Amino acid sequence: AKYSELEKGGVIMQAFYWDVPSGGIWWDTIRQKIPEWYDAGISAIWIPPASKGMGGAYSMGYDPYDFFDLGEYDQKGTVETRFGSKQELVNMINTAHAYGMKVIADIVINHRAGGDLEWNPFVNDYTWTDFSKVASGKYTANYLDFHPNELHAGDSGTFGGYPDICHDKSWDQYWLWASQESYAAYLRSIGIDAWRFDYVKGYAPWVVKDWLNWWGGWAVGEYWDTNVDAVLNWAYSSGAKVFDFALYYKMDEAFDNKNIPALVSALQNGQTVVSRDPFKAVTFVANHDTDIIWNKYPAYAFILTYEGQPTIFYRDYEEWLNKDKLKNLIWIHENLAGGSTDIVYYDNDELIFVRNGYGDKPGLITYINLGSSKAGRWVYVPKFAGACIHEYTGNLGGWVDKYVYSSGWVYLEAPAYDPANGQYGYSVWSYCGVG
């Protein structure tokens, strides 16, 4: 990749959103975007589930039917998945790899859908658990492979009305990851580097742990909970990273309501994943399931300058926000951001913090202003004592340097928040002459 790799905390692009254009053109669409994402500093792409789903040509992938049909068997009324053919998928992966970018597959293994009806002794009724017809001929299944069964009635959670998979059955382990013939092995064989596990609240962390024992690779789990204790417990149990939903709702509370103290308080009190373990937190401003933050500029300024591993939402980058402003923030993340963090000042509409630097990365000062007027303030930032500092976004109207006195004091400024008029409500500073 152009800067940091995925394994080194590099920026991730979520390469989709809910109900992307059907017509089997999305792998190709993504493939065409990657040279640009590369130039932008993106380290890896998270793609939607690739298998043939119950919904066939219009499935978003979260109702998997034939795990080993990546869009090449005529099934569920289509050959290709919503996103394209197996060949197109392979092509995109190959392109990604030509640009030193990694591909993170979306793994949906809580449940399955589109099975035929069959008598189920354990339920004393009929269930849609007959998967004998799968065209790949791999990982057929029946009622024994779902809950409830002879082993037990159920597990930590279910999703939709979809048959709920019993990972405790040898057959299911073998086919999903525990063999050279498994679904994991198959993805890995076509170049999948890394993993995003869907709805990990639905089954035990040992599943993900054993998957990673077999296959390795960077991994994140979607554990949708604001309870940081429960999220991290799962992260440490599974060995995987976790999406920071806690931060997400806190950024909404703060940036959409001029209530920055709600964010600061959550950071200080360990009520975000990132402020408790920045090596586990995968941060984001929106995803395909939820998009409640209207005030995205400060939210992106935050996650691209603060600790953690940030994700860019496809729609935000490609449609809704100023792409060049995001490229800039990605540049800042990869060239300046590093080190521990100190909050320098905050109130209802202002947030200033310093990153103290680490390795090659000098560190930085971020200044978020939610107010409708330009903001300026004396702040004590001893990290930069006696140094020329330069503003790296251009948000103050051009080239701006300032001098941090030996005393540690500087008069820092941030533009008004008024995006309609090119005023984006943040400035970012570091030593002069970095790049």
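Just count from 1 along the sequence shown to find any residue number.
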125-133 or 359-367, whichever carries the higher mean Cα B-factor
125-133
Going by the average Cα B-factor in the PDB entry, point out whether 388-396 or 32-40 comes out higher.
32-40
Out of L304, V344, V242, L176, residue topping the C-alpha B-factor column of the entry
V344
Based on the PDB record, which member of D145, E222, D277, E88 exhibits the highest Cα temperature factor?
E88
By the record's CA B-factor, is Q180 among the lowest, middle or highest third of residues in the chain?
highest
Could you look up the Cα B-factor of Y411 in the entry and say which third of the chain it sits in: lowest, middle or highest?
middle
Which third of the chain holds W18 when residues are ordered by C-alpha B factor: lowest, middle or highest?
highest
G270 - which third its CA temperature factor falls in, relative to the rest of the chain:
highest
Grab the CA temperature factor for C166 from the record and place it in the lowest, middle or highest third of its chain.
middle
